[PDB]
Amino acid sequence: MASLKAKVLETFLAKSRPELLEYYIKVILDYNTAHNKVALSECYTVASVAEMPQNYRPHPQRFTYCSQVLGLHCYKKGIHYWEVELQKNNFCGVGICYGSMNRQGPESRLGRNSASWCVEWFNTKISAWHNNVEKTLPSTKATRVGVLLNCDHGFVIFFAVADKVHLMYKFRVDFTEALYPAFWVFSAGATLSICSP
Ligand SMILES: *CC(=O)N1CCCN(C(=O)c2ccc(-c3ccccc3)c(C)c2)CC1
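Pasting the structure below:
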């Protein structure tokens, strides 16, 4: 149903922030996945860089190579929106990934494998990543990203969220398994906050 999928994508690309909030889902960070450099706070809604490594209990799902963390729930059907506040001028990333993504080694890095899609702030520049292919984006003064995941018609949209929403990047994928919200923090004081609007 290519025509219907294209129309739906066009509709969501043009939605305002109030309209995106109609698809809001509450995302919670999953302690079992957090790398030891990722500190969690505020009832698991805030991820920040720990200056010293923590000593989290071993778990097969825990990231051991990249300082990343996933949401608690995955999505295989429906439409989902969530927003992440970021501290400005930091190395960090917001994305989505399949549960089957590796949790160990360089293959676990968001956007550097076939199983994940993200936008990333890296050396004050903004890029979109999937399958180890980088796309440079124009800078934004927004300190908030909105992720619109449409499982039913196969796309994810990353919005820069300010007084209005602006497109950062989108991907069309016929997703093959459920998706987790995914997060990367690296620079000192980098912080990703799942907002409650
Ligand atoms: C994916 C991840 O978080 N890792 C842990 C951190 C180090 N690492 C890197 O691959 C990595 C090396 C160098 C930089 C960097 C720092 C400052 C300027 C430019 C690049 C980064 C951001 C990551 C292994 C995996």
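Mapping of the sequence shown onto PDB author numbering: residues -1 to 195, in sequence order.
Heads up, the beta-carbon is just placed ideally off N, CA and C, and yes, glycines get one too.
Closest in alpha carbon position to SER112, among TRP119, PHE120 and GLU132, is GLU132.
Residue state for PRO195 is assigned as coil, using DSSP reduced to three classes.
In the three-state reduction of the DSSP assignment, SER39 falls in the strand class. Pairing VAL183 with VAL143 gives a Cβ-Cβ distance that is not under 8 Å. Per DSSP, the unbroken alpha helix (DSSP H) holding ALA4 starts and ends at 0 to 11. Cβ contact annotation for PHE173 (same chain, cutoff 7 Å, sequence separation greater than five): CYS149 and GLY152, in chain order.
Within the same chain, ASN30 come within 7 Å of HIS57 by CB-CB distance, once the 5 residues on both sides are set aside. For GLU83, the enclosing beta strand (DSSP E) starts and ends at 77 to 84.
Put simply, the region 20 to 29 touches the region 69 to 88. At least three CB pairs are less than 8 Å apart. In this structure, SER65 has its beta carbon less than 7 Å from a heavy atom of ligand 1.
The continuous alpha helix (DSSP H) containing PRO16 extends over residues 15 to 18. Closest in C-alpha terms to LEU84, from the list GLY103, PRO16, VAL159 and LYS168, comes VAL159.
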